[PDB]
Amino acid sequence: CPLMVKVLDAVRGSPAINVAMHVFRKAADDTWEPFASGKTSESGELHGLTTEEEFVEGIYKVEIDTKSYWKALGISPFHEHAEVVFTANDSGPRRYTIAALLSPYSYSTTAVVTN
């Protein structure tokens, strides 16, 4: 995959399953255009968001609906969502894995960029 997202739940020690997210690409007029979306699987992963041909250099935003996830467990969380905004290489295609670790009042994100 050019772009994969993995989401983990630090309260339960498990993948974060059925988490919805949307991916946007910054349009030339500096507005966010829908690009891809999906929900995580039972492994907490979302694959198949895009293809190499389609995933060109640009500024992308991944918006993860963490609030609905916590509300489903009966927890009132702090964040409205988790956002990850990045430039996809200013030097050609590459493979991006975005990981997100969720708690009700905290999240961390990392990127793994391999070849």
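In case it trips you up, residue 1 is the first one in the sequence shown, and so on.
A.B. asks: Out of 50-58 and 36-44, which stretch has the higher average CA B-factor listed in the record?
C.D. replies: That would be 50-58.
A.B. asks: With respect to the recorded C-alpha B factors, which stretch has the higher mean value, 83-91 or 25-33?
C.D. replies: Stretch with the higher mean C-alpha B-factor: 25-33.
A.B. asks: Taking the C-alpha B-factors as the PDB entry records them, is residue 111 in the lowest, middle or highest third of its chain?
C.D. replies: Lowest third, going by the recorded CA B-factors of the chain.
A.B. asks: Could you say whether, by C-alpha temperature factor, residue 8 belongs to the lowest, middle or highest third of its chain?
C.D. replies: As the PDB entry reports it, the C-alpha B-factor of residue 8 lands in the lowest third of its chain.
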